[PDB]
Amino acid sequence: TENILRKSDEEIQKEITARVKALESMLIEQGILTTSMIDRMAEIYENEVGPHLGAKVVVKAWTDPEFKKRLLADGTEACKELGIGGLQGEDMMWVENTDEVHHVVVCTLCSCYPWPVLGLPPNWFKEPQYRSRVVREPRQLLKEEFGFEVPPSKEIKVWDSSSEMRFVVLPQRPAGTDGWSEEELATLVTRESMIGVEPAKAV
C-alpha cells in the first residue's frame, strides 16, 4: 500500500544489506557465527526441507487408514515414522478437511509455521494482510485471494498458532483418483492445501 513517507525498495535493500553485514561482522568476531554455519542453514531450507515432505505424509494418510488415525492422534509421532520432524515442528497437530469442515492455519502473532513438513513459509503467510484477516473474514479471504469458494453452510475452522503446537491441514483426497499410486497422488498435494488456503489439486 502507498506510503508517502517510505523510501524506495532499492534504498531499503541497500540500507538493510549494510546493517546486516555490519551485524554479521560482529557476530563473526565473537566466534558465534561463521560462513559455513550460514551456508548450512540455507542449504537445508533451500534443498532439503520443503512441502514435498508434508505431501508424503498426506498421501500416506490418504492410502493408509491406520496411519491416518495415528497422524490425527499424534502428528509428531506419526511423521517420525517417515523420518520427518525437527525444528519448529516438535509438536504437530494435523486437522482433517471433510465435506462438512474446512481448516485453515495462521499465526496472527508472528509467522509460526510447521517447518519440518512445509519448509519456510511463503512471505504472504508472514505478512499482516493475511494474518489480520483470516481469523475475521476467512470465507471472503479464501474466495477473493485464492479463488476458493467455501459454501456458507460448510464450517471454516481457523487455527491460530499461539503456542508451539503447529497445525497442519490434511486436505481431502480429490475425486477421480481411485487406485492412484502415492507418487501420482503427491502431484496433487500443494503447500497451499496443507495451509488450508486452497484444496488439493483437482482432476
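One-based numbering along the sequence shown.
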item: 96-104 or 125-133, whichever carries the higher mean Cα B-factor; value: 96-104
item: Mean C-alpha B-factor comparison - 20-28 and 179-187, higher one; value: 179-187
item: Top Cα B factor in the deposited entry, candidates 52, 157, 166, 154; value: 154
item: Residue, from 73, 110, 120, 87, that the PDB entry assigns the highest Cα B-factor; value: 73
item: CA B-factor ranking of residue 33, expressed as a third of its chain; value: lowest
item: Chain-wide C-alpha B factor ranking for residue 150, given as lowest, middle or highest third; value: highest
